[PDB]
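Engineer: Below are the structure tokens for one structure; questions will follow.
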Amino acid sequence: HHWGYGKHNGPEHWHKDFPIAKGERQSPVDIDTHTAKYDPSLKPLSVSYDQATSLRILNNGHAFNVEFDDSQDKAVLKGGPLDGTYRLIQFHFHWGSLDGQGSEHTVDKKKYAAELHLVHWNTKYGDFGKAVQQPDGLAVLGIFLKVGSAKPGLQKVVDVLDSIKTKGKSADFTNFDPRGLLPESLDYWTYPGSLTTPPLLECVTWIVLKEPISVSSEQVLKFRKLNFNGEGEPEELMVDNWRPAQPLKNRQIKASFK
Ligand SMILES: Cc1ccnc(S(N)(=O)=O)n1
Ligand code: NA
Ligand SMILES: [Zn+2]
């Protein structure tokens with residue numbers, strides 16, 4: 001497969017190799033704040049990252065992933081809309097070529113400069129590859145980025161990107177604390193959806209925080225110096241690696257807050 005984000009292989013093309021691209025529960029979606037209903041049934045959200053063990057950062061040709069040790073329940077997401085325990089496996093971002101675009105989810109059609117996805121899998125399925133075959137197999141926590149003041153807890157990430165400029169490069173990335181990437185509030189919207197890149201599997205409970213984090217222009221400029229291409233190949237800057245909003249269809253977005 002040769003999917004990407006260019007004119008010739010971008011989101012409009014994905015359906016030809018991944019027909020679930022036109023399915024009933026695809027992501028991302030526009031969050032219409034005046035249609036999402038407060039749900040008093042939602043239990044509170046529990047982000048338990050104290051014991052998180054980051055290992056490595058990888059440029060995979062689509063984004064970069066910060067990978068975690070998910071061999072035990074070290075860093076988990078529970079509560080909110082979720083049953084059971086969801087283990088953190090990696091985080092990554094989607095971002096734009098300019099500050100006016102980059103996020104996958106939108107909020108009343110507003111696009112943010114970027115979007116962070118913390119990916120977790122349901123431990124009742126034993127491994128990630130089994131989890132993605134289940135309608136409740138993954139929980140992705142999504143967090144918007146806006147450009148303003150610098151985010152200190154991001155700087156370790158931006159400072160390693162020079163070392164993984166091209167597709168297939170990785171670097172050691174131990175002792176990184178993903179708590180530094182959260183906003184103050186855990187207020188959120190939630191809906192059932194999918195992975196936003198191929199294979200586009202319909203296995204995700206989306207939890208999208210209301211409060212964006214602020215990052216500096218200098219920080220996001222450094223994201224945009226990454227490459228989609230491999231070493232020695234003609235430079236294609238890693239920008240605009242986001243899928244646009246998909247049809248909501250027969251789904252309801254719930255709010256944890258009034
Ligand atoms: C791990 C993975 C694969 C595909 N898509 C995603 S995403 N962008 O829905 O978080 N994560
Ligand atoms: Na892993
Ligand atoms: Zn993502």
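Residues in the structure tokens are numbered from 1 in each chain, the chains being A, B, ... in the order shown, and ligands are numbered from 1 in the order shown.
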With the cut-off set at 7 Å and counting only C-alpha atoms and all ligand atoms, tabulate each residue of chain A with an atom at most that distance from an atom of ligand 2, showing the nearest atom pair and its distance in Å to one decimal, ordered by chain and increasing number, as JSON lines.

Structural biologist:
```
{"residue": "A:67", "atom": "CA", "partner": "ligand 2", "partner_atom_place_in_ligand_line": "1 (Na)", "distance": 6.0}
{"residue": "A:68", "atom": "CA", "partner": "ligand 2", "partner_atom_place_in_ligand_line": "1 (Na)", "distance": 5.6}
{"residue": "A:69", "atom": "CA", "partner": "ligand 2", "partner_atom_place_in_ligand_line": "1 (Na)", "distance": 5.3}
{"residue": "A:70", "atom": "CA", "partner": "ligand 2", "partner_atom_place_in_ligand_line": "1 (Na)", "distance": 5.4}
{"residue": "A:89", "atom": "CA", "partner": "ligand 2", "partner_atom_place_in_ligand_line": "1 (Na)", "distance": 5.5}
```

Engineer: I need the residues of region 111-162 of chain A that end up classed as strand (DSSP E or B) by DSSP on the backbone, written out as a ChimeraX atom specification.

Structural biologist: /A:114-122,138-147

Engineer: Got a sec: who's within 12 Å of residue 162 (chain A), counting only C-alpha atoms, leaving out chain neighbours fewer than 6 positions off, as a PDB file with N, CA and C atoms, in the first residue's frame?

Structural biologist:
```
ATOM      1  N   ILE A  57      11.180   7.077  19.595  1.00  0.00           N
ATOM      2  CA  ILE A  57      10.408   7.933  18.684  1.00  0.00           C
ATOM      3  C   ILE A  57      10.769   7.529  17.250  1.00  0.00           C
ATOM      4  N   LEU A  58       9.760   7.372  16.395  1.00  0.00           N
ATOM      5  CA  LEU A  58       9.914   6.831  15.089  1.00  0.00           C
ATOM      6  C   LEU A  58       9.210   7.783  14.074  1.00  0.00           C
ATOM      7  N   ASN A  59       9.953   8.178  13.029  1.00  0.00           N
ATOM      8  CA  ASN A  59       9.301   8.765  11.820  1.00  0.00           C
ATOM      9  C   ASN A  59       8.825   7.621  10.915  1.00  0.00           C
ATOM     10  N   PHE A  64       5.143  11.073  13.362  1.00  0.00           N
ATOM     11  CA  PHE A  64       6.111  10.411  14.248  1.00  0.00           C
ATOM     12  C   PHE A  64       5.407   9.881  15.462  1.00  0.00           C
ATOM     13  N   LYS A 156      11.001  18.614  24.646  1.00  0.00           N
ATOM     14  CA  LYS A 156      11.846  17.421  24.466  1.00  0.00           C
ATOM     15  C   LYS A 156      11.535  16.704  23.160  1.00  0.00           C
ATOM     16  N   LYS A 169      13.599   6.569  10.244  1.00  0.00           N
ATOM     17  CA  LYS A 169      14.552   6.945  11.296  1.00  0.00           C
ATOM     18  C   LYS A 169      13.860   6.902  12.653  1.00  0.00           C
ATOM     19  N   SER A 170      14.569   6.425  13.647  1.00  0.00           N
ATOM     20  CA  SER A 170      14.077   6.404  15.013  1.00  0.00           C
ATOM     21  C   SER A 170      15.190   6.882  15.923  1.00  0.00           C
ATOM     22  N   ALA A 171      14.800   7.233  17.133  1.00  0.00           N
ATOM     23  CA  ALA A 171      15.751   7.615  18.171  1.00  0.00           C
ATOM     24  C   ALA A 171      15.273   7.081  19.529  1.00  0.00           C
ATOM     25  N   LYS A 222       9.009  23.506  13.775  1.00  0.00           N
ATOM     26  CA  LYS A 222       9.894  22.373  13.826  1.00  0.00           C
ATOM     27  C   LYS A 222       9.218  21.043  13.450  1.00  0.00           C
ATOM     28  N   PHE A 223       7.946  20.848  13.775  1.00  0.00           N
ATOM     29  CA  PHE A 223       7.174  19.742  13.219  1.00  0.00           C
ATOM     30  C   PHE A 223       7.218  19.791  11.688  1.00  0.00           C
ATOM     31  N   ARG A 224       7.065  21.000  11.126  1.00  0.00           N
ATOM     32  CA  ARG A 224       6.937  21.099   9.674  1.00  0.00           C
ATOM     33  C   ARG A 224       8.239  20.967   8.891  1.00  0.00           C
ATOM     34  N   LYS A 225       9.361  20.781   9.601  1.00  0.00           N
ATOM     35  CA  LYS A 225      10.643  20.511   8.984  1.00  0.00           C
ATOM     36  C   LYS A 225      10.911  19.033   8.840  1.00  0.00           C
ATOM     37  N   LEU A 226      10.045  18.179   9.427  1.00  0.00           N
ATOM     38  CA  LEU A 226      10.150  16.758   9.181  1.00  0.00           C
ATOM     39  C   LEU A 226       9.861  16.426   7.717  1.00  0.00           C
ATOM     40  N   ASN A 227      10.197  15.195   7.295  1.00  0.00           N
ATOM     41  CA  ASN A 227      10.014  14.733   5.944  1.00  0.00           C
ATOM     42  C   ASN A 227       9.117  13.492   5.847  1.00  0.00           C
TER      43      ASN A 227
END
```

Engineer: Would you mind listing what lies within 10 Å of region 42-54 of chain A as a PDB file with N, CA, C and O atoms, in the first residue's frame, with only C-alpha atoms counted and same-chain residues fewer than 3 positions away left out?

Structural biologist:
```
ATOM      1  N   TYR A  38     -24.921  17.045  26.777  1.00  0.00           N
ATOM      2  CA  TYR A  38     -24.286  16.718  28.060  1.00  0.00           C
ATOM      3  C   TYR A  38     -24.865  15.353  28.495  1.00  0.00           C
ATOM      4  O   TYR A  38     -26.129  15.124  28.437  1.00  0.00           O
ATOM      5  N   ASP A  39     -24.014  14.444  28.955  1.00  0.00           N
ATOM      6  CA  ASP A  39     -24.460  13.133  29.364  1.00  0.00           C
ATOM      7  C   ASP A  39     -24.100  12.917  30.842  1.00  0.00           C
ATOM      8  O   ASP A  39     -22.921  12.616  31.186  1.00  0.00           O
ATOM      9  N   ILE A  57      11.180   7.077  19.595  1.00  0.00           N
ATOM     10  CA  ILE A  57      10.408   7.933  18.684  1.00  0.00           C
ATOM     11  C   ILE A  57      10.769   7.529  17.250  1.00  0.00           C
ATOM     12  O   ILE A  57      11.951   7.357  16.924  1.00  0.00           O
ATOM     13  N   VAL A  66       5.716   8.472  19.360  1.00  0.00           N
ATOM     14  CA  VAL A  66       6.435   8.238  20.630  1.00  0.00           C
ATOM     15  C   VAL A  66       5.822   6.992  21.205  1.00  0.00           C
ATOM     16  O   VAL A  66       4.614   6.929  21.511  1.00  0.00           O
ATOM     17  N   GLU A  67       6.660   5.963  21.372  1.00  0.00           N
ATOM     18  CA  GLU A  67       6.213   4.637  21.679  1.00  0.00           C
ATOM     19  C   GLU A  67       6.480   4.381  23.155  1.00  0.00           C
ATOM     20  O   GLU A  67       7.502   4.841  23.704  1.00  0.00           O
ATOM     21  N   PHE A  68       5.578   3.599  23.735  1.00  0.00           N
ATOM     22  CA  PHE A  68       5.607   3.268  25.180  1.00  0.00           C
ATOM     23  C   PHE A  68       5.706   1.742  25.389  1.00  0.00           C
ATOM     24  O   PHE A  68       5.247   0.942  24.578  1.00  0.00           O
ATOM     25  N   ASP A  69       6.208   1.393  26.535  1.00  0.00           N
ATOM     26  CA  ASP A  69       6.187   0.009  26.955  1.00  0.00           C
ATOM     27  C   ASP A  69       4.817  -0.373  27.411  1.00  0.00           C
ATOM     28  O   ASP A  69       4.318   0.061  28.431  1.00  0.00           O
ATOM     29  N   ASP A  70       4.132  -1.161  26.596  1.00  0.00           N
ATOM     30  CA  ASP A  70       2.770  -1.560  26.905  1.00  0.00           C
ATOM     31  C   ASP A  70       2.713  -3.060  27.249  1.00  0.00           C
ATOM     32  O   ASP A  70       1.671  -3.673  27.095  1.00  0.00           O
ATOM     33  N   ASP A  73       0.406  -2.875  32.605  1.00  0.00           N
ATOM     34  CA  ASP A  73      -0.459  -1.705  32.851  1.00  0.00           C
ATOM     35  C   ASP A  73       0.269  -0.510  33.495  1.00  0.00           C
ATOM     36  O   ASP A  73      -0.084  -0.037  34.586  1.00  0.00           O
ATOM     37  N   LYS A  74       1.169   0.051  32.740  1.00  0.00           N
ATOM     38  CA  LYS A  74       2.051   1.146  33.220  1.00  0.00           C
ATOM     39  C   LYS A  74       1.404   2.533  33.104  1.00  0.00           C
ATOM     40  O   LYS A  74       1.605   3.390  33.908  1.00  0.00           O
ATOM     41  N   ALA A  75       0.747   2.768  32.007  1.00  0.00           N
ATOM     42  CA  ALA A  75       0.128   4.049  31.696  1.00  0.00           C
ATOM     43  C   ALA A  75      -1.239   3.664  31.100  1.00  0.00           C
ATOM     44  O   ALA A  75      -1.248   3.024  30.057  1.00  0.00           O
ATOM     45  N   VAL A  76      -2.337   3.936  31.795  1.00  0.00           N
ATOM     46  CA  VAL A  76      -3.661   3.545  31.381  1.00  0.00           C
ATOM     47  C   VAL A  76      -4.680   4.691  31.392  1.00  0.00           C
ATOM     48  O   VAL A  76      -4.575   5.673  32.112  1.00  0.00           O
ATOM     49  N   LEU A  77      -5.723   4.483  30.566  1.00  0.00           N
ATOM     50  CA  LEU A  77      -6.874   5.334  30.478  1.00  0.00           C
ATOM     51  C   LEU A  77      -8.058   4.471  30.916  1.00  0.00           C
ATOM     52  O   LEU A  77      -8.225   3.348  30.450  1.00  0.00           O
ATOM     53  N   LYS A  78      -8.859   4.988  31.859  1.00  0.00           N
ATOM     54  CA  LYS A  78     -10.086   4.317  32.344  1.00  0.00           C
ATOM     55  C   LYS A  78     -11.158   5.391  32.578  1.00  0.00           C
ATOM     56  O   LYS A  78     -10.878   6.594  32.501  1.00  0.00           O
ATOM     57  N   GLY A  79     -12.384   4.957  32.824  1.00  0.00           N
ATOM     58  CA  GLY A  79     -13.435   5.860  33.212  1.00  0.00           C
ATOM     59  C   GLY A  79     -13.965   6.562  32.033  1.00  0.00           C
ATOM     60  O   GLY A  79     -13.862   6.055  30.938  1.00  0.00           O
ATOM     61  N   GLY A  80     -14.553   7.732  32.235  1.00  0.00           N
ATOM     62  CA  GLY A  80     -15.366   8.317  31.173  1.00  0.00           C
ATOM     63  C   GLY A  80     -16.378   7.419  30.531  1.00  0.00           C
ATOM     64  O   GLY A  80     -17.196   6.812  31.234  1.00  0.00           O
ATOM     65  N   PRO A  81     -16.346   7.256  29.165  1.00  0.00           N
ATOM     66  CA  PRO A  81     -17.263   6.350  28.505  1.00  0.00           C
ATOM     67  C   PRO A  81     -16.792   4.893  28.523  1.00  0.00           C
ATOM     68  O   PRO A  81     -17.561   4.009  28.083  1.00  0.00           O
ATOM     69  N   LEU A  82     -15.589   4.620  29.020  1.00  0.00           N
ATOM     70  CA  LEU A  82     -14.910   3.355  28.887  1.00  0.00           C
ATOM     71  C   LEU A  82     -15.262   2.324  29.990  1.00  0.00           C
ATOM     72  O   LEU A  82     -15.497   2.691  31.174  1.00  0.00           O
ATOM     73  N   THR A  85      -9.980  -1.275  31.159  1.00  0.00           N
ATOM     74  CA  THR A  85      -8.692  -0.624  31.193  1.00  0.00           C
ATOM     75  C   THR A  85      -8.046  -0.621  29.789  1.00  0.00           C
ATOM     76  O   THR A  85      -7.960  -1.677  29.110  1.00  0.00           O
ATOM     77  N   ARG A  87      -4.574   0.440  27.746  1.00  0.00           N
ATOM     78  CA  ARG A  87      -3.158   0.641  27.904  1.00  0.00           C
ATOM     79  C   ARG A  87      -2.576   1.592  26.826  1.00  0.00           C
ATOM     80  O   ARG A  87      -2.752   1.379  25.630  1.00  0.00           O
ATOM     81  N   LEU A  88      -1.805   2.614  27.267  1.00  0.00           N
ATOM     82  CA  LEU A  88      -1.139   3.526  26.321  1.00  0.00           C
ATOM     83  C   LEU A  88      -0.102   2.780  25.527  1.00  0.00           C
ATOM     84  O   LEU A  88       0.807   2.160  26.108  1.00  0.00           O
ATOM     85  N   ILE A  89      -0.166   2.875  24.209  1.00  0.00           N
ATOM     86  CA  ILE A  89       0.869   2.252  23.313  1.00  0.00           C
ATOM     87  C   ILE A  89       1.747   3.284  22.606  1.00  0.00           C
ATOM     88  O   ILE A  89       2.948   3.061  22.513  1.00  0.00           O
ATOM     89  N   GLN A  90       1.185   4.450  22.201  1.00  0.00           N
ATOM     90  CA  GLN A  90       1.959   5.461  21.517  1.00  0.00           C
ATOM     91  C   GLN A  90       1.186   6.744  21.480  1.00  0.00           C
ATOM     92  O   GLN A  90      -0.036   6.729  21.672  1.00  0.00           O
ATOM     93  N   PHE A  91       1.869   7.837  21.325  1.00  0.00           N
ATOM     94  CA  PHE A  91       1.201   9.039  20.841  1.00  0.00           C
ATOM     95  C   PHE A  91       1.806   9.599  19.538  1.00  0.00           C
ATOM     96  O   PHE A  91       2.966   9.379  19.251  1.00  0.00           O
ATOM     97  N   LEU A 141      -7.296   9.415  22.875  1.00  0.00           N
ATOM     98  CA  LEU A 141      -7.537  10.701  23.559  1.00  0.00           C
ATOM     99  C   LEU A 141      -6.968  11.725  22.629  1.00  0.00           C
ATOM    100  O   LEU A 141      -5.778  11.752  22.315  1.00  0.00           O
ATOM    101  N   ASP A 172      16.227   6.796  20.383  1.00  0.00           N
ATOM    102  CA  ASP A 172      15.929   6.510  21.742  1.00  0.00           C
ATOM    103  C   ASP A 172      15.108   7.690  22.367  1.00  0.00           C
ATOM    104  O   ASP A 172      15.341   8.901  22.077  1.00  0.00           O
ATOM    105  N   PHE A 173      14.100   7.373  23.187  1.00  0.00           N
ATOM    106  CA  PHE A 173      13.214   8.424  23.714  1.00  0.00           C
ATOM    107  C   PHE A 173      12.617   7.979  25.040  1.00  0.00           C
ATOM    108  O   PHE A 173      11.418   7.927  25.242  1.00  0.00           O
ATOM    109  N   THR A 174      13.512   7.694  25.977  1.00  0.00           N
ATOM    110  CA  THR A 174      13.179   7.280  27.290  1.00  0.00           C
ATOM    111  C   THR A 174      12.871   8.446  28.202  1.00  0.00           C
ATOM    112  O   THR A 174      13.336   9.625  27.983  1.00  0.00           O
ATOM    113  N   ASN A 175      12.152   8.121  29.285  1.00  0.00           N
ATOM    114  CA  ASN A 175      11.887   9.068  30.383  1.00  0.00           C
ATOM    115  C   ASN A 175      11.113  10.316  29.999  1.00  0.00           C
ATOM    116  O   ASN A 175      11.308  11.349  30.561  1.00  0.00           O
ATOM    117  N   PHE A 176      10.257  10.215  28.979  1.00  0.00           N
ATOM    118  CA  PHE A 176       9.413  11.333  28.554  1.00  0.00           C
ATOM    119  C   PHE A 176       8.050  11.181  29.263  1.00  0.00           C
ATOM    120  O   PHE A 176       7.447  10.120  29.211  1.00  0.00           O
ATOM    121  N   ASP A 177       7.540  12.254  29.839  1.00  0.00           N
ATOM    122  CA  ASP A 177       6.339  12.205  30.635  1.00  0.00           C
ATOM    123  C   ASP A 177       5.165  12.796  29.858  1.00  0.00           C
ATOM    124  O   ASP A 177       5.076  13.988  29.679  1.00  0.00           O
ATOM    125  N   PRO A 178       4.263  11.931  29.423  1.00  0.00           N
ATOM    126  CA  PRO A 178       3.186  12.466  28.570  1.00  0.00           C
ATOM    127  C   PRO A 178       2.171  13.309  29.338  1.00  0.00           C
ATOM    128  O   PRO A 178       1.395  14.114  28.731  1.00  0.00           O
ATOM    129  N   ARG A 179       2.263  13.276  30.657  1.00  0.00           N
ATOM    130  CA  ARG A 179       1.433  14.246  31.439  1.00  0.00           C
ATOM    131  C   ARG A 179       1.668  15.676  31.123  1.00  0.00           C
ATOM    132  O   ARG A 179       0.746  16.534  31.312  1.00  0.00           O
ATOM    133  N   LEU A 182      -0.901  17.398  28.587  1.00  0.00           N
ATOM    134  CA  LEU A 182      -2.356  17.585  28.859  1.00  0.00           C
ATOM    135  C   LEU A 182      -2.685  19.088  29.156  1.00  0.00           C
ATOM    136  O   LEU A 182      -1.860  19.849  29.736  1.00  0.00           O
ATOM    137  N   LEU A 186      -9.978  18.205  31.969  1.00  0.00           N
ATOM    138  CA  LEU A 186     -10.289  16.942  31.249  1.00  0.00           C
ATOM    139  C   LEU A 186     -11.720  16.859  30.706  1.00  0.00           C
ATOM    140  O   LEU A 186     -12.216  15.791  30.368  1.00  0.00           O
ATOM    141  N   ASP A 187     -12.427  17.979  30.685  1.00  0.00           N
ATOM    142  CA  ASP A 187     -13.726  18.028  30.051  1.00  0.00           C
ATOM    143  C   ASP A 187     -13.552  17.538  28.562  1.00  0.00           C
ATOM    144  O   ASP A 187     -12.553  17.879  27.921  1.00  0.00           O
ATOM    145  N   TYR A 188     -14.525  16.760  28.072  1.00  0.00           N
ATOM    146  CA  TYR A 188     -14.364  16.085  26.773  1.00  0.00           C
ATOM    147  C   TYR A 188     -15.654  15.846  26.038  1.00  0.00           C
ATOM    148  O   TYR A 188     -16.761  15.898  26.630  1.00  0.00           O
ATOM    149  N   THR A 190     -17.231  12.759  23.395  1.00  0.00           N
ATOM    150  CA  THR A 190     -16.942  11.365  23.054  1.00  0.00           C
ATOM    151  C   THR A 190     -17.938  10.862  22.051  1.00  0.00           C
ATOM    152  O   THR A 190     -19.095  11.279  22.011  1.00  0.00           O
ATOM    153  N   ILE A 207     -12.200  10.160  22.507  1.00  0.00           N
ATOM    154  CA  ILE A 207     -12.367  11.066  23.648  1.00  0.00           C
ATOM    155  C   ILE A 207     -11.578  12.326  23.291  1.00  0.00           C
ATOM    156  O   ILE A 207     -10.402  12.271  23.270  1.00  0.00           O
ATOM    157  N   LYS A 254     -21.374  12.920  22.638  1.00  0.00           N
ATOM    158  CA  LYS A 254     -21.750  13.268  24.018  1.00  0.00           C
ATOM    159  C   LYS A 254     -20.724  14.146  24.660  1.00  0.00           C
ATOM    160  O   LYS A 254     -19.552  13.966  24.422  1.00  0.00           O
ATOM    161  N   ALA A 255     -21.172  15.058  25.551  1.00  0.00           N
ATOM    162  CA  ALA A 255     -20.272  15.979  26.285  1.00  0.00           C
ATOM    163  C   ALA A 255     -20.241  15.574  27.721  1.00  0.00           C
ATOM    164  O   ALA A 255     -21.260  15.205  28.304  1.00  0.00           O
ATOM    165  N   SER A 256     -19.065  15.628  28.303  1.00  0.00           N
ATOM    166  CA  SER A 256     -18.913  15.357  29.732  1.00  0.00           C
ATOM    167  C   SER A 256     -19.221  16.512  30.664  1.00  0.00           C
ATOM    168  O   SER A 256     -19.238  16.284  31.893  1.00  0.00           O
ATOM    169  N   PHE A 257     -19.505  17.658  30.090  1.00  0.00           N
ATOM    170  CA  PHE A 257     -19.616  18.914  30.785  1.00  0.00           C
ATOM    171  C   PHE A 257     -20.894  19.615  30.307  1.00  0.00           C
ATOM    172  O   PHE A 257     -21.372  19.380  29.182  1.00  0.00           O
TER     173      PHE A 257
END
```

Engineer: List as a list in words the protein and nucleic acid residues lying within 7 Å of ligand 3, with only C-alpha atoms and all ligand atoms counted.

Structural biologist: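 Residues lying within 7 Å of ligand 3: residues 92, 93, 94, 116, 117 and 196 of chain A.
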
Engineer: Write as a PyMOL selection string the residues around ligand 1, taking 7 Å as the cut-off and counting only C-alpha atoms and all ligand atoms.

Structural biologist: chain A and resi 117-119+140+194-200

Engineer: Would you save the residues from that selection as a compact mmCIF listing (two decimals), in the first residue's frame, using C-alpha atoms?

Structural biologist:
```
# COMPACT_ATOMS: atom_id res chain seq x y z
CA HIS A 117 -3.60 11.45 19.63
CA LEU A 118 -2.75 9.31 22.62
CA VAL A 119 -3.60 5.75 21.51
CA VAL A 140 -7.83 7.52 21.49
CA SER A 194 -12.33 4.76 13.65
CA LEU A 195 -8.63 4.99 13.12
CA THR A 196 -8.01 8.13 10.97
CA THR A 197 -5.31 6.53 8.82
CA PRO A 198 -5.39 3.27 6.93
CA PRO A 199 -6.49 0.66 7.79
CA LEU A 200 -9.31 2.95 9.01
```

Engineer: Env of residue 252 (chain A): 10 Å cut, atoms = only C-alpha atoms, seq-sep filter 2 positions within chain, self excluded. Answer as number ranges by chain.

Structural biologist: A: 31, 35-37, 190-192, 248-250, 254-255

Engineer: For residue 21 (chain A), which residue among A:230, A:102, A:180, A:244 is the nearest when counting only C-alpha atoms?

Structural biologist: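 Using only C-alpha atoms, the shortest distance to residue 21 (chain A) belongs to A:244.
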
Engineer: Quick one: everything within 9 Å of residue 22 (chain A), counting only C-alpha atoms, minus sequence neighbours fewer than 6 positions away in the same chain. Send it as a short mmCIF file (atom, residue, chain, number, x, y, z; two decimals) with N, CA and C atoms, in the first residue's frame.

Structural biologist:
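Saved to around33.cif:
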```cif
data_model
loop_
_atom_site.label_atom_id
_atom_site.label_comp_id
_atom_site.auth_asym_id
_atom_site.auth_seq_id
_atom_site.Cartn_x
_atom_site.Cartn_y
_atom_site.Cartn_z
N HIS A 15 -10.19 5.03 -0.13
CA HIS A 15 -11.22 4.08 -0.23
C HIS A 15 -10.97 2.91 -1.25
N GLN A 246 -15.36 13.49 8.39
CA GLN A 246 -16.13 12.46 7.73
C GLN A 246 -17.57 12.57 8.15
N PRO A 247 -18.50 11.95 7.38
CA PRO A 247 -19.94 12.01 7.74
C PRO A 247 -20.28 11.42 9.12
#
```

Engineer: Looking at only C-alpha atoms, which of A:258, A:26, A:113, A:4 is the one that sits closest to residue 97 (chain A)?

Structural biologist: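 Closest candidate: A:113.
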
Engineer: Here is a test: counting only C-alpha atoms, which residue of A:228, A:203, A:153, A:242 is nearest to residue 129 (chain A)?

Structural biologist: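 With only C-alpha atoms as the atom set, the closest residue is A:203.
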